Every structure is written in C-alpha cells, then in structure tokens.
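The file model.pdb comes next; it holds PDB, C-alpha atoms and all ligand atoms.
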```pdb
ATOM      1  CA  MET A   1      46.924 -74.829-123.247
ATOM      2  CA  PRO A   2      48.956 -71.636-122.571
ATOM      3  CA  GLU A   3      48.148 -68.467-124.527
ATOM      4  CA  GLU A   4      51.794 -68.439-125.644
ATOM      5  CA  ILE A   5      53.127 -71.265-127.846
ATOM      6  CA  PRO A   6      56.861 -71.857-127.190
ATOM      7  CA  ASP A   7      58.908 -74.406-129.165
ATOM      8  CA  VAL A   8      57.856 -77.938-128.134
ATOM      9  CA  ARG A   9      58.859 -81.328-129.610
ATOM     10  CA  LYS A  10      56.854 -84.532-129.067
ATOM     11  CA  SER A  11      56.526 -87.839-130.939
ATOM     12  CA  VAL A  12      54.549 -91.086-130.668
ATOM     13  CA  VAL A  13      53.917 -94.263-132.658
ATOM     14  CA  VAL A  14      50.379 -94.951-133.901
ATOM     15  CA  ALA A  15      48.824 -97.888-135.759
ATOM     16  CA  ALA A  16      49.045 -96.441-139.278
ATOM     17  CA  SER A  17      51.213 -96.263-142.402
ATOM     18  CA  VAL A  18      53.076 -93.063-143.302
ATOM     19  CA  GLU A  19      51.122 -92.922-146.576
ATOM     20  CA  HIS A  20      47.965 -93.498-144.501
ATOM     21  CA  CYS A  21      48.917 -90.779-142.018
ATOM     22  CA  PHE A  22      48.781 -88.291-144.877
ATOM     23  CA  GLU A  23      45.848 -89.981-146.595
ATOM     24  CA  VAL A  24      43.803 -89.089-143.521
ATOM     25  CA  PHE A  25      45.094 -85.497-143.587
ATOM     26  CA  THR A  26      44.216 -85.105-147.261
ATOM     27  CA  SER A  27      41.110 -87.330-146.971
ATOM     28  CA  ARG A  28      38.995 -86.127-144.003
ATOM     29  CA  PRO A  29      41.004 -84.404-141.199
ATOM     30  CA  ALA A  30      37.928 -82.452-140.040
ATOM     31  CA  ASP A  31      35.575 -85.460-139.869
ATOM     32  CA  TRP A  32      37.544 -86.837-136.860
ATOM     33  CA  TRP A  33      38.353 -83.497-135.147
ATOM     34  CA  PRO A  34      35.067 -83.891-133.194
ATOM     35  CA  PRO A  35      34.729 -87.405-131.650
ATOM     36  CA  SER A  36      32.047 -86.978-128.964
ATOM     37  CA  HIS A  37      33.501 -86.469-125.470
ATOM     38  CA  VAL A  38      35.010 -83.188-126.738
ATOM     39  CA  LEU A  39      32.961 -80.743-128.844
ATOM     40  CA  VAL A  40      34.321 -78.137-131.291
ATOM     41  CA  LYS A  41      33.268 -74.477-130.900
ATOM     42  CA  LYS A  42      32.791 -74.259-134.685
ATOM     43  CA  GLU A  43      31.408 -77.094-136.836
ATOM     44  CA  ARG A  44      33.710 -78.069-139.722
ATOM     45  CA  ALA A  45      31.825 -77.908-143.045
ATOM     46  CA  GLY A  46      34.251 -78.754-145.865
ATOM     47  CA  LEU A  47      37.982 -79.172-146.540
ATOM     48  CA  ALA A  48      40.144 -78.689-149.659
ATOM     49  CA  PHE A  49      43.439 -80.617-149.916
ATOM     50  CA  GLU A  50      46.031 -80.695-152.723
ATOM     51  CA  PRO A  51      49.592 -82.272-152.705
ATOM     52  CA  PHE A  52      52.748 -80.201-153.500
ATOM     53  CA  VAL A  53      55.653 -78.196-152.011
ATOM     54  CA  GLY A  54      54.603 -74.936-150.333
ATOM     55  CA  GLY A  55      51.244 -76.690-150.327
ATOM     56  CA  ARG A  56      48.072 -75.513-148.604
ATOM     57  CA  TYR A  57      45.111 -77.073-146.774
ATOM     58  CA  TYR A  58      41.727 -75.304-146.564
ATOM     59  CA  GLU A  59      38.958 -75.790-143.979
ATOM     60  CA  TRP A  60      35.341 -74.637-144.288
ATOM     61  CA  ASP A  61      33.494 -73.402-141.184
ATOM     62  CA  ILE A  62      29.716 -72.871-141.012
ATOM     63  CA  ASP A  63      30.579 -69.391-139.690
ATOM     64  CA  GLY A  64      33.911 -69.067-141.525
ATOM     65  CA  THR A  65      34.090 -69.223-145.324
ATOM     66  CA  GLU A  66      37.016 -71.050-146.955
ATOM     67  CA  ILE A  67      40.449 -70.203-145.522
ATOM     68  CA  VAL A  68      43.962 -71.647-145.195
ATOM     69  CA  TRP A  69      44.968 -72.707-141.662
ATOM     70  CA  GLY A  70      48.296 -74.359-142.559
ATOM     71  CA  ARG A  71      51.019 -74.677-145.229
ATOM     72  CA  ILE A  72      53.762 -77.085-146.357
ATOM     73  CA  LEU A  73      57.517 -76.766-147.090
ATOM     74  CA  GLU A  74      58.492 -79.830-149.164
ATOM     75  CA  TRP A  75      57.677 -83.560-149.462
ATOM     76  CA  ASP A  76      60.336 -86.305-149.221
ATOM     77  CA  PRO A  77      59.453 -89.390-151.387
ATOM     78  CA  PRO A  78      60.475 -91.942-148.662
ATOM     79  CA  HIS A  79      58.324 -90.920-145.684
ATOM     80  CA  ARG A  80      59.683 -87.564-144.484
ATOM     81  CA  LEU A  81      58.379 -84.025-144.993
ATOM     82  CA  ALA A  82      58.776 -80.525-143.533
ATOM     83  CA  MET A  83      55.801 -78.135-143.451
ATOM     84  CA  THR A  84      55.030 -74.469-142.708
ATOM     85  CA  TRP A  85      51.690 -73.199-141.321
ATOM     86  CA  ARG A  86      49.798 -70.315-143.007
ATOM     87  CA  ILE A  87      47.201 -68.626-140.758
ATOM     88  CA  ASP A  88      46.283 -65.062-139.689
ATOM     89  CA  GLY A  89      45.193 -63.538-136.366
ATOM     90  CA  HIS A  90      41.510 -63.639-137.414
ATOM     91  CA  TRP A  91      41.698 -67.066-139.113
ATOM     92  CA  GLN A  92      42.357 -65.418-142.502
ATOM     93  CA  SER A  93      44.753 -66.393-145.309
ATOM     94  CA  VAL A  94      47.306 -63.881-146.651
ATOM     95  CA  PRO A  95      49.877 -63.936-149.504
ATOM     96  CA  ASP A  96      52.611 -64.193-146.851
ATOM     97  CA  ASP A  97      52.723 -64.499-143.053
ATOM     98  CA  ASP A  98      55.082 -62.152-141.197
ATOM     99  CA  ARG A  99      54.510 -64.312-138.101
ATOM    100  CA  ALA A 100      55.007 -67.645-139.917
ATOM    101  CA  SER A 101      57.181 -70.397-138.393
ATOM    102  CA  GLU A 102      58.789 -73.599-139.742
ATOM    103  CA  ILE A 103      57.832 -77.110-138.568
ATOM    104  CA  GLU A 104      59.870 -80.302-139.080
ATOM    105  CA  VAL A 105      57.901 -83.561-139.393
ATOM    106  CA  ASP A 106      59.163 -87.047-140.330
ATOM    107  CA  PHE A 107      57.188 -90.275-140.907
ATOM    108  CA  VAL A 108      58.504 -93.862-140.692
ATOM    109  CA  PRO A 109      56.368 -96.854-141.887
ATOM    110  CA  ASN A 110      56.265 -99.841-139.532
ATOM    111  CA  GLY A 111      54.818-103.151-140.783
ATOM    112  CA  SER A 112      51.847-104.590-138.868
ATOM    113  CA  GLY A 113      50.139-101.236-139.530
ATOM    114  CA  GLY A 114      52.403 -98.900-137.530
ATOM    115  CA  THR A 115      53.901 -95.474-138.264
ATOM    116  CA  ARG A 116      56.301 -93.389-136.158
ATOM    117  CA  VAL A 117      55.867 -89.607-136.458
ATOM    118  CA  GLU A 118      58.029 -86.858-134.958
ATOM    119  CA  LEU A 119      56.285 -83.461-135.121
ATOM    120  CA  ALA A 120      58.059 -80.410-133.661
ATOM    121  CA  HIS A 121      57.007 -76.745-133.996
ATOM    122  CA  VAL A 122      59.441 -73.923-133.141
ATOM    123  CA  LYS A 123      59.299 -70.105-133.145
ATOM    124  CA  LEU A 124      55.511 -70.407-133.283
ATOM    125  CA  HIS A 125      55.127 -67.673-130.636
ATOM    126  CA  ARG A 126      55.984 -65.333-133.508
ATOM    127  CA  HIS A 127      52.202 -64.873-133.871
ATOM    128  CA  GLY A 128      51.586 -64.399-130.101
ATOM    129  CA  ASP A 129      48.693 -61.977-129.431
ATOM    130  CA  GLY A 130      46.378 -64.857-128.461
ATOM    131  CA  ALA A 131      48.300 -67.298-130.662
ATOM    132  CA  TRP A 132      46.796 -70.349-128.919
ATOM    133  CA  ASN A 133      43.412 -68.650-129.391
ATOM    134  CA  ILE A 134      43.895 -69.187-133.123
ATOM    135  CA  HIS A 135      44.668 -72.847-132.408
ATOM    136  CA  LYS A 136      41.726 -72.978-129.974
ATOM    137  CA  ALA A 137      39.302 -72.683-132.899
ATOM    138  CA  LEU A 138      41.291 -75.476-134.527
ATOM    139  CA  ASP A 139      40.563 -77.222-131.192
ATOM    140  CA  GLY A 140      43.501 -77.535-128.771
ATOM    141  CA  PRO A 141      41.952 -79.718-126.009
ATOM    142  CA  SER A 142      44.245 -80.952-123.213
ATOM    143  CA  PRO A 143      42.138 -83.847-121.805
ATOM    144  CA  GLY A 144      41.910 -85.328-125.320
ATOM    145  CA  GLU A 145      45.342 -84.599-126.812
ATOM    146  CA  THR A 146      45.586 -84.865-130.623
ATOM    147  CA  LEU A 147      47.125 -88.347-130.338
ATOM    148  CA  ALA A 148      43.997 -89.527-128.491
ATOM    149  CA  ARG A 149      41.337 -88.506-131.048
ATOM    150  CA  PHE A 150      43.174 -88.774-134.415
ATOM    151  CA  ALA A 151      45.228 -91.875-133.504
ATOM    152  CA  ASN A 152      42.254 -93.856-132.143
ATOM    153  CA  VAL A 153      40.192 -93.206-135.287
ATOM    154  CA  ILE A 154      43.088 -94.128-137.588
TER     155      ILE A 154
HETATM  156  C1  LIG B 201      47.591 -81.463-127.222
HETATM  157  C2  LIG B 201      47.934 -81.813-128.671
HETATM  158  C3  LIG B 201      49.252 -82.587-128.712
HETATM  159  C4  LIG B 201      48.967 -84.086-128.822
HETATM  160  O1  LIG B 201      49.987 -82.337-127.510
HETATM  161  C5  LIG B 201      50.003 -82.180-129.809
HETATM  162  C6  LIG B 201      50.763 -81.019-129.731
HETATM  163  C7  LIG B 201      52.057 -81.079-130.228
HETATM  164  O2  LIG B 201      52.795 -80.095-130.194
HETATM  165  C8  LIG B 201      52.460 -82.281-130.797
HETATM  166  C9  LIG B 201      53.798 -82.515-131.097
HETATM  167  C10 LIG B 201      54.779 -81.632-130.661
HETATM  168  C11 LIG B 201      54.170 -83.702-131.716
HETATM  169  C12 LIG B 201      53.217 -84.664-132.033
HETATM  170  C13 LIG B 201      51.882 -84.452-131.715
HETATM  171  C14 LIG B 201      51.521 -83.264-131.091
HETATM  172  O3  LIG B 201      50.200 -83.035-130.850
HETATM  173  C15 LIG B 201      50.922 -85.398-132.054
HETATM  174  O4  LIG B 201      49.738 -85.208-131.779
HETATM  175  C16 LIG B 201      51.312 -86.560-132.713
HETATM  176  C17 LIG B 201      50.374 -87.536-133.024
HETATM  177  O5  LIG B 201      49.067 -87.214-132.827
HETATM  178  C18 LIG B 201      50.755 -88.723-133.637
HETATM  179  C19 LIG B 201      52.092 -88.928-133.956
HETATM  180  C20 LIG B 201      53.034 -87.952-133.658
HETATM  181  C21 LIG B 201      52.648 -86.772-133.033
HETATM  182  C22 LIG B 201      53.605 -85.822-132.697
HETATM  183  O6  LIG B 201      54.780 -85.983-133.025
END
```

How would this structure read if it were set down as structure tokens?
Ligand SMILES: CC[C@](C)(O)c1cc(=O)c2c(C)cc3c(c2o1)C(=O)c1c(O)cccc1C3=O
Amino acid sequence: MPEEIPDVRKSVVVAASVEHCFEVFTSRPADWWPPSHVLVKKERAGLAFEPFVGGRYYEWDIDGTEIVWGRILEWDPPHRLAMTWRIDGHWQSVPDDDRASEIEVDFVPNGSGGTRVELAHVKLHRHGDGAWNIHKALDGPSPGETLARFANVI
C-alpha cells in the first residue's frame, strides 16, 4: 500500500463469466466493497453505470456527492476491453485528467463458471501527490486484496 503507484501487472482466475464480471461492475460494485472483516472509511451510497467507449462509472458517498472515479477506453465484443480511469486529487471529476493513465484489461470465459482476467495499470504514478490516498478512499486494503472480497462474493 505504498503512497506511490508504479506500474504493476497481476492476474487471477475467479469463478465467474466475463459477462458476469462486468455485470457485477455495472450492477453493484459498491455493495461488495465492504464485506465485514474490513470496513470502508466512507459508506458507499449509490452508483451510476452506463456502457460505452470512453465510458464512465459514478459512485455516491454519504459525504461525497456524485463523482466519477474511473473511465473506459473501448469494449471488445468477445471478452476483452481496455479502460482509462478518470479521478482528481480531491475525488472530483474533470473534463480531462492531465494525470490520467491507460489500463489494459482482458477477460476470457471459462465454462463451469470460470473467467480469467488480466488487469495491469501503468504510468499511474502520474497523479502521485498521495496517489494511493485517492485509492485509499476507494479502499486499497492489503490483508483483503481485491481478489479476496470481490471474487468470493461473485
Ligand atoms: C490489493 C488489490 C489487488 C488485488 O492487489 C489488486 C491490485 C492490482 O493492481 C491488481 C492487478 C494488477 C490485477 C488484478 C487485480 C488487482 O487487484 C485483481 O484484483 C484481479 C481480480 O480481483 C480478479 C481477476 C483479475 C485481477 C487482476 O488481474
């Protein structure tokens, strides 16, 4: 959980379908952020999700109004898609991010309810200045990595 976010690439297979992987993201990504063992500093309130290229996802915080914490780049019909993240230093959305980075993500459907996902983020440090702090509100726990909470619920 370093304050700086250098380029890192990790991937794992979870029991889920690529369409399902995104159904959860566009269905209720905040509802599972907080499982129980780990608590979130801010309570998620609502979430807006629409499909498209250069897309955007919005999260509602009881203390934070509606804002965009991520972005998209393009969707590949099969099961592959690249996405960009749109966020500001104070969790605010802006017409364009000078410190924006590109992320490459690919999904592969595996029968028996299994999906392989490869998510890699590079040049993220472009935001620096407490960059992880921004992610910290989004919850960046180490003991309960993202694969632990979101994969188990899926
Ligand atoms: C501490 C948060 C974590 C898990 O290290 C993290 C941080 C990550 O940077 C991260 C990266 C690099 C890749 C994945 C994932 C990544 O998530 C990831 O969570 C993931 C997943 O939950 C299910 C399928 C695939 C993935 C990933 O490919």

Next on the checklist: To test your reading of the syntax: which residues would the PyMOL selection byres (((chain A and resi 37) around 12) and not hetatm) return for the file shown? Reply as a PyMOL selection string.
Outcome noted: chain A and resi 33-36+38-40+141+143-144+148-149

Those residues with C-alpha atoms, as a PDB file, in the frame of the given file please?
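The resulting file, part_3.pdb, is shown below:
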```pdb
ATOM      1  CA  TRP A  33      38.353 -83.497-135.147  1.00  0.00           C
ATOM      2  CA  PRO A  34      35.067 -83.891-133.194  1.00  0.00           C
ATOM      3  CA  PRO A  35      34.729 -87.405-131.650  1.00  0.00           C
ATOM      4  CA  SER A  36      32.047 -86.978-128.964  1.00  0.00           C
ATOM      5  CA  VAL A  38      35.010 -83.188-126.738  1.00  0.00           C
ATOM      6  CA  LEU A  39      32.961 -80.743-128.844  1.00  0.00           C
ATOM      7  CA  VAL A  40      34.321 -78.137-131.291  1.00  0.00           C
ATOM      8  CA  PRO A 141      41.952 -79.718-126.009  1.00  0.00           C
ATOM      9  CA  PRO A 143      42.138 -83.847-121.805  1.00  0.00           C
ATOM     10  CA  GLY A 144      41.910 -85.328-125.320  1.00  0.00           C
ATOM     11  CA  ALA A 148      43.997 -89.527-128.491  1.00  0.00           C
ATOM     12  CA  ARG A 149      41.337 -88.506-131.048  1.00  0.00           C
TER      13      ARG A 149
END
```

Item to check | residue 8 of chain A environment, 8 Å, only C-alpha atoms, sequence neighbours closer than 3 positions dropped, as a count of residues only | outcome: 3

Next on the checklist: Just checking: using only C-alpha atoms, which residue out of A:26, A:90, A:9, A:83 ends up closest to residue 136 of chain A?
Outcome noted: A:90

Item to check | Distance criterion (only C-alpha atoms): nearest to residue 106 of chain A out of A:31, A:19, A:59, A:50 | outcome: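 Answer, going by the shortest atom-to-atom distance: A:19.
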
Determine the axis-aligned bounding box of all atoms of ligand LIG 201 (chain B) present in the file, pad each side by 8 Å, and express its centre and edge lengths in Å to one decimal place as lines of an AutoDock Vina configuration file.
```
center_x = 51.2
center_y = -84.5
center_z = -130.6
size_x = 23.2
size_y = 24.8
size_z = 22.7
```

Checklist outcome for this item: Counting only C-alpha atoms and all ligand atoms, the residue among A:2, A:11, A:81, A:105 that lies closest to ligand LIG 201 (chain B) is A:11

Item to check | Output of the PyMOL selection byres (((not hetatm)) within 6 of (chain B and resi 201)), listed as a PyMOL selection string | outcome: chain A and resi 8-13+117-120+140+142+145-147

Next on the checklist: Let me make sure I understand: among A:73, A:5, A:134, A:18, which one has the smallest atom-to-atom distance to residue 109 of chain A if we use only C-alpha atoms?
Outcome noted: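 Going through A:73, A:5, A:134, A:18 one by one, the smallest distance to residue 109 of chain A is for A:18.
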
Item to check | Computed interatomic separation between atom CA of residue 111 of chain A and atom CA of residue 32 of chain A (Å) | outcome: 24.1 Å

Next on the checklist: Considering only C-alpha atoms, can you say which of A:93, A:84, A:101, A:110 comes closest to residue 58 of chain A?
Outcome noted: A:93
